[PDB]
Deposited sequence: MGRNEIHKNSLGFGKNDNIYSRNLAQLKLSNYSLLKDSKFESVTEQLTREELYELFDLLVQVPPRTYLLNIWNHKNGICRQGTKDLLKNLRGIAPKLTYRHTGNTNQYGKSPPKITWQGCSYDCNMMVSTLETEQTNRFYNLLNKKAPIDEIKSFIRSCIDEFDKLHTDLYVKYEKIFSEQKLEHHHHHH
């Protein structure tokens, strides 16, 4: 039952107090599902404009993108558990989760911009 981003942010107002940790972990799994669908969408969009100067291949783009997103996911999850363990207020936790999603959106933007330029230049000459 994957929550949409909209449903997650609405649910972030039903949390006026810090909920139990199981609840918090459930929310983080929905966060992961949202970011991972963003990655799937990025790779789908990049595959569309990849060709069939630099000599970057689809396999290279895919390795780079997957390494950046997988490393970001690990780093964010670690920051999440540290927030939990230090018993942070609910407002801080909510801002942290929304900021992690924003950070993934910026990474997906950075990757799209980077490869849009390379692929478009390869399609030339």
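Visitor: Identify which parts of the deposited sequence carry no C-alpha coordinates, going from the N-terminal end onward.
Guide: Comparing the full sequence with the modelled residues, the uncovered ranges come out as 1-44, 97-111, 185-190.
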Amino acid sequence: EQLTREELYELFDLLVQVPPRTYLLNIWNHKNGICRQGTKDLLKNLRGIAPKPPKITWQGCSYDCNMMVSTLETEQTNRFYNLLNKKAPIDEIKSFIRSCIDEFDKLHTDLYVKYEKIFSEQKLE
From here on, numbers count along this sequence of modelled residues.
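Visitor: Can you tell me whether 54-62 has a higher mean C-alpha B factor than 90-98 in this record, or the other way round?
Guide: Higher mean C-alpha B-factor in the PDB entry: 54-62.
Visitor: Going by the mean C-alpha B-factor recorded in the entry, which is higher: 22-30 or 81-89?
Guide: Averaged over C-alpha atoms, the B-factors run higher in 81-89.
Visitor: In this PDB entry, which of 68, 49, 35, 43 has the top CA B-factor?
Guide: Top of the list by C-alpha B-factor: 49.
Visitor: Going by what the PDB entry lists, where does residue 9 fall on CA B-factor within its chain: lowest, middle or highest third?
Guide: Middle third - that is where residue 9 ends up once the chain's C-alpha B-factors are sorted.
Visitor: How does the C-alpha B factor of residue 113 compare with the rest of the chain: lowest, middle or highest third?
Guide: Middle third, going by the recorded CA B-factors of the chain.
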